[PDB]
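Don't worry about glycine lacking a Cβ; one is built from the backbone with ideal geometry, like all the others, and counts go over all protein chains shown. Read-outs throughout are calculated quantities, based only on the coordinates presented, and are distinct from any laboratory measurement.
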Protein chains: 2
Amino acid sequence: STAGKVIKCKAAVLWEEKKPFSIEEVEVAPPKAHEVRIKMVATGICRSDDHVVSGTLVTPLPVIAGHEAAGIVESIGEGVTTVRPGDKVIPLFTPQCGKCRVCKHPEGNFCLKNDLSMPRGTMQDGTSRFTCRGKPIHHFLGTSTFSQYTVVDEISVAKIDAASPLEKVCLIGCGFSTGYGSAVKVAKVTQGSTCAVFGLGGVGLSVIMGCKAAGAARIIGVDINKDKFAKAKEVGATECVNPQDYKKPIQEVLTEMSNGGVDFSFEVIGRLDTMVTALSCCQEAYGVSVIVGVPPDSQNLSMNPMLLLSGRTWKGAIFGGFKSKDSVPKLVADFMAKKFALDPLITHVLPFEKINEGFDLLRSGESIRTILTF
Amino acid sequence: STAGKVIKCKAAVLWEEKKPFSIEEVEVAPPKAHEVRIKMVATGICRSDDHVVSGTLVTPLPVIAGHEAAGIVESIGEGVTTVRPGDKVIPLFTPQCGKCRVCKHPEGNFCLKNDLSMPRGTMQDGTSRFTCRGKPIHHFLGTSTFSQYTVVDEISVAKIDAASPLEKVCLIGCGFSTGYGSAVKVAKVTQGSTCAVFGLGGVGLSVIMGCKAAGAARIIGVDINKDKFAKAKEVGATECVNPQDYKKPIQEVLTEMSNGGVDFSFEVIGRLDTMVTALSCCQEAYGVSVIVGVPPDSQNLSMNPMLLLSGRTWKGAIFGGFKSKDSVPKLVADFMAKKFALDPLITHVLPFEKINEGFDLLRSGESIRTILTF
Ligand SMILES: NC(=O)c1ccc[n+]([C@@H]2O[C@H](COP(=O)([O-])OP(=O)(O)OC[C@H]3O[C@@H](n4cnc5c(N)ncnc54)[C@H](O)[C@@H]3O)[C@@H](O)[C@H]2O)c1
Ligand SMILES: NC(=O)c1ccc[n+]([C@@H]2O[C@H](COP(=O)([O-])OP(=O)(O)OC[C@H]3O[C@@H](n4cnc5c(N)ncnc54)[C@H](O)[C@@H]3O)[C@@H](O)[C@H]2O)c1
Ligand SMILES: [Cu+2]
Ligand SMILES: [Cu+2]
Ligand SMILES: [Zn+2]
Ligand SMILES: [Zn+2]
């Protein structure tokens with residue numbers, strides 16, 4: 001029993017940008033009040049973790065990154081009432097404090113206690129629970145799951161069903177719920193509709209799964225990597241287009257194909273240009289475009305405001321619009337009742353120590369999701 | 001008497017950008033199949049008409065502009081069924097052809113037969129019905145109401161009540177319905193909300209009548225002309241701020257004032273920087289911003305897509321989201337039943353011949369709406 005005491009264990013520390021993760025011994029403090037220490041069982045490699053390596057997503061370094069994961073409470077700090085040692089849990093990179101403006105609003109889910117808008121890389125009380133080489137290491141979006149153990153605030157953890165398969169439902173902590181909710185909760189794809197999805201990585205395939213669940217009649221997947229097409233058609237794409245095959249720009253190609261513009265489009269890559277392309281190819285009078293991708297830090301896009309004046313709606317969302325502590329238990333329960341599949345998304349399962357190999361698979365385009373098991 | 005013959009009459013022609021309108025004698029050809037010729041009774045001076053003079057809104061010159069008006073039908077062409085001679089009608093700058101994808105869709109109103117996206121300045125059949133010294137004069141948005149008689153396509157005209165005061169209700173052809181529908185139909189302002197309205201001209205004051213009636217609790221009017229403030233508080237603003245009074249930028253003042261951002265904002269000026277300011281001052285997780293102003297031709301705004309990823313919605317709309325032929329008779333019928341006051345928007349009534357004086361009152365900050373009588 002490790003309770004009440006510091007744990008020494010391995011974590012993958014990123015000491016500086018554009019470097020490999022370094023697997024090292026770190027010391028993890030015991031939880032303080034309202035904090036929970038979690039033994040990690042599986043964590044997915046998401047493209048936003050790679051944005052930290054490339055410097056596109058700015059957060060204080062050195063850092064233990066990792067935010068899509070599932071584990072078991074090893075101990076709870078003073079005052080924790082929503083989880084108990086031995087519970088299976090999913091860390092929440094968007095917290096739900098339940099007490100702010102946004103948590104109390106019926107539609108908002110970007111809680112004001114998040115660490116994404118102006119990242120401090122600490123716990124809610126402003127300190128770190130990690131030491132590595134005598135130095136405190138930063139947390140990432142209050143989750144830090146590339147570690148055998150991590151400590152999170154109570155507003156950042158959800159108890160899930162005790163029979164969940166943790167090496168599959170860790171995708172509900174990020175990729176799958178982000179994609180699925182952008183379609184069914186943020187865009188509100190309607191039955192009969194034509195949808196176009198830019199990007200067919202794990203979030204993008206999850207956006208197709210949500211569009212097909214909302215009853216879209218046509219779901220076009222767009223990617224420059226044609227090897228992604230078979231899995232996209234497998235989860236619901238009625239057709240796939242690769243922009244490099246055409247001589248016209250893809251917004252004209254899609255407008256011609258949809259006879260005037262799609263009803264819903266989704267940018268699920270993170271590029272300033274495909275974000276304006278995705279808005280453009282939706283129908284000018286009633287089209288809805290949803291930005292899901294994370295843009296390079298401090299870069300502005302350029303667009304003509306007449307694209308909106310005619311009637312288009314442009315929205316973005318974090319974590320598919322779901323209030324995270326309410327929604328994740330319920331999405332795991334739906335997965336258990338076979339309402340949606342997560343297995344098409346998992347292409348590689350590697351032990352934690354091959355983290356750097358899992359990232360190279362993401363960078364070379366060969367994986368959708370790699371799950372790392374501890 | 002005139003039916004079947006060319007009418008020779010007075011019309012305000014704009015021959016060149018940045019010049020006064022020229023009161024000319026023009027020949028108005030009679031209506032071809034499915035066109036209606038109208039004798040004008042009251043027409044308002046809207047900023048979009050001034051945008052043509054400015055070169056802000058490109059449309060083929062020479063032109064008879066004018067788009068906010070009401071008249072009596074003088075003669076119908078072969079096949080008109082929705083109006084007869086003697087009917088009071090309001091011409092529609094956004095048509096409603098009934099047959100396209102947008103007109104069939106329940107929520108879009110920007111009919112594909114519009115002449116606003118790439119102005120042709122002709123009747124639907126690609127020709128002009130107006131000549132002046134043997135030269136064709138172009139139509140403007142299929143309405144051209146700065147003339148004693150005009151010819152419009154049947155998809156661009158709505159028969160209204162027989163008892164309607166035509167000199168109040170010409171406002172429902174543009175300014176009022178546009179601002180009102182923007183708040184109640186496009187933003188769908190909620191009871192208890194805080195609204196911020198940038199621009200307090202005729203259309204902005206109608207956006208404040210729409211917010212107040214949707215039950216908004218707080219309505220912050222923003223204008224650089226402090227003289228517009230008293231009529232904004234009379235139709236409903238709770239407060240008005242002037243950007244030039246502050247040392248810090250108006251998105252910061254507004255965020256500070258509304259305790260983290262407003263619920264709904266509207267840009268009703270037509271500038272690229274206030275379009276981005278109005279998006280920024282609305283709440284980052286669940287704020288809605290609606291662009292109503294017409295931007296300058298071919299200019300692009302620059303904005304940080306993180307404004308949208310946190311949860312904001314940005315949308316624009318023409319004519320306040322109203323399907324024109326269906327909504328303009330009901331708004332008139334509702335004006336009739338005292339459901340809204342039109343009178344605070346009319347500050348000047350002048351005879352048509354004093355058109356150029358009515359534009360210098362608009363350009364000077366002195367009027368909201370000047371109505372020109374025939
Ligand atoms: N909004 C959220 O809450 C949230 C959550 C998770 C992930 N994200 C972001 O979503 C985006 C997608 O994440 P992912 O894990 O699915 O990434 P991924 O790398 O697996 O998917 C990207 C897909 O985009 C394709 N792509 C790249 N350039 C393209 C282009 N020019 N045109 C068309 N297709 C292109 C790639 O080939 C790839 O298949 C990332 O930016 C990630 O940071 C946001
Ligand atoms: N979307 C539509 O269908 C549609 C229809 C009609 C009008 N419009 C557009 O709406 C706009 C307003 O029309 P209107 O008739 O109400 O115009 P208006 O000129 O009467 O009002 C513009 C108001 O904005 C104010 N203003 C200008 N610059 C400002 C700034 N920098 N910051 C704050 N306030 C400032 C002016 O002082 C004025 O009160 C125009 O762009 C017009 O083209 C659009
Ligand atoms: Cu992620
Ligand atoms: Cu107008
Ligand atoms: Zn909160
Ligand atoms: Zn139509």
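Look at the stretch B:17-29: the mean tally of other chain Cβ atoms within 10 Å of its residues' Cβ atoms is 0. Annotation: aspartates and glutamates with alpha-carbon distance below 16 angstrom to B:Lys226 (same-chain offsets under eight excluded): B:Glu234, B:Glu239, B:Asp245, B:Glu366.
Packing, taken as the mean count of other beta carbons within 10 Å per residue, orders the peptides A:221-232, B:34-45, B:341-352 from highest to lowest as B:34-45, A:221-232, B:341-352.
Ranking B:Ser258, B:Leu200, B:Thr277 by how far each Cα lies toward the positive end of the dipole of the stretch B:193-293 (charges on Cβ) leaves B:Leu200 at the top. Against the empirical 2.2 N^0.38 Å (N residues), the stretch A:131-202 has a Cα radius of gyration ratio of 1.54. Only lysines eight or more places from B:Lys231 in sequence, or on another chain, were considered; those with a Cα closer than 24 Å are B:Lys168, B:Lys185, B:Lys188, B:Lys212, B:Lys338, B:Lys339. Full extension of the segment from B:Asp245 to B:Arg84, taken as 0.36 nm per residue of separation minus the current Cα-Cα distance, would add 52.5 nm. Here is the size of chain B from its Cα atoms: Rg then Dmax, 20.3, 66 Å. Distances from A:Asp334 to itself in the other copies, using label points 7 Å out along the Cα-Cβ axis, amount to 3.6 nm in increasing order.
Ascending distances from the B:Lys10 label point to its copies in the other chains, with the point 7 Å along the Cα-to-beta-carbon line: 9.1 nm. Normalised by the number of residues in the stretch B:1-126, the mean separation of alpha-carbon contacts (under 8 Å, six or more apart) gives a relative contact order of 21 percent.
A simple spin-label model places the labels of B:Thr347 and A:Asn225 5.9 nm from each other, with each point 7 Å out along Cα-to-Cβ. Counting every C-alpha pair in the stretch A:163-203, the share spaced more than 11 angstrom apart comes to 70%. Each other copy places its own label point for A:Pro296 at 2.8 nm from this one, sorted shortest first, where the point lies 7 Å along the Cα-to-beta carbon line.
With R₀ fixed at 41 Å, the C-beta to C-beta distance from B:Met118 to A:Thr127 puts the FRET efficiency at about 0.10.
Sorted on the mean count of surrounding Cβ atoms within 10 Å across their residues, most packed first, peptides A:126-139, B:64-77, A:157-170 read B:64-77, A:157-170, A:126-139. Per-residue mean of foreign Cβ neighbours for A:290-296 is 3 (Cβ atoms of other chains, 10 Å radius). Using the Kirkwood radius built from alpha carbon pairs, what does the Stokes-Einstein equation give as D for the stretch A:175-310 at 20 °C and 1.002 mPa s, in µm² per second? It diffuses with D of about 148 µm²/s by this estimate. Taking every Cα-Cα distance in the protein assembly as shown and sorting them into 20 Å bins starting at zero, the pair-distance distribution P(r) comes out as 17, 43, 28, 12, 1, 0 percent. If you take the alpha carbon atoms of the stretch A:289-338 and fit the smallest convex hull around them, that volume is 127 Å³ per residue. For the residues B:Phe176, B:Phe359, B:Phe340, a GNM of chain B with alpha-carbon springs under 10 Å puts the largest fluctuation on B:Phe340. Of all residues in chain A, the one whose Cβ lies closest to the rotation axis carrying A onto B, together with that distance in whole Å, is A:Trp314, 2. With the cut-off at under 11 Å, measuring from each backbone N in the stretch A:267-282 to a point 7 Å along the Cα-to-Cβ line of B:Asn300 picks out A:273, A:276-277. Ordering B:110-120, B:14-24, A:206-216 by mean Cβ neighbour count within 10 Å, with the highest value first, yields A:206-216, B:110-120, B:14-24. Each stretch of four or more DSSP H residues adds -39500 (n - 2.57); spread over every residue of the protein assembly as shown, this sum gives -6000 deg cm²/dmol at 222 nm.
The mean number of partner chain beta-carbon atoms within 10 angstrom of a residue's beta-carbon across peptide A:267-279 is 1.
Straight-line cross-link partners of B:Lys19 among the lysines, defined as a Cα under 17 Å from its Cα and at least 8 positions apart when in the same chain: B:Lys354.
Working from Cα pairs under 8 Å separated by at least six residues, relative contact order for the stretch A:179-317 is 22 percent. What's the Kirkwood radius of the stretch B:220-374 in Å, using all Cα pairs? Its Kirkwood hydrodynamic radius stands at 17.9 Å.
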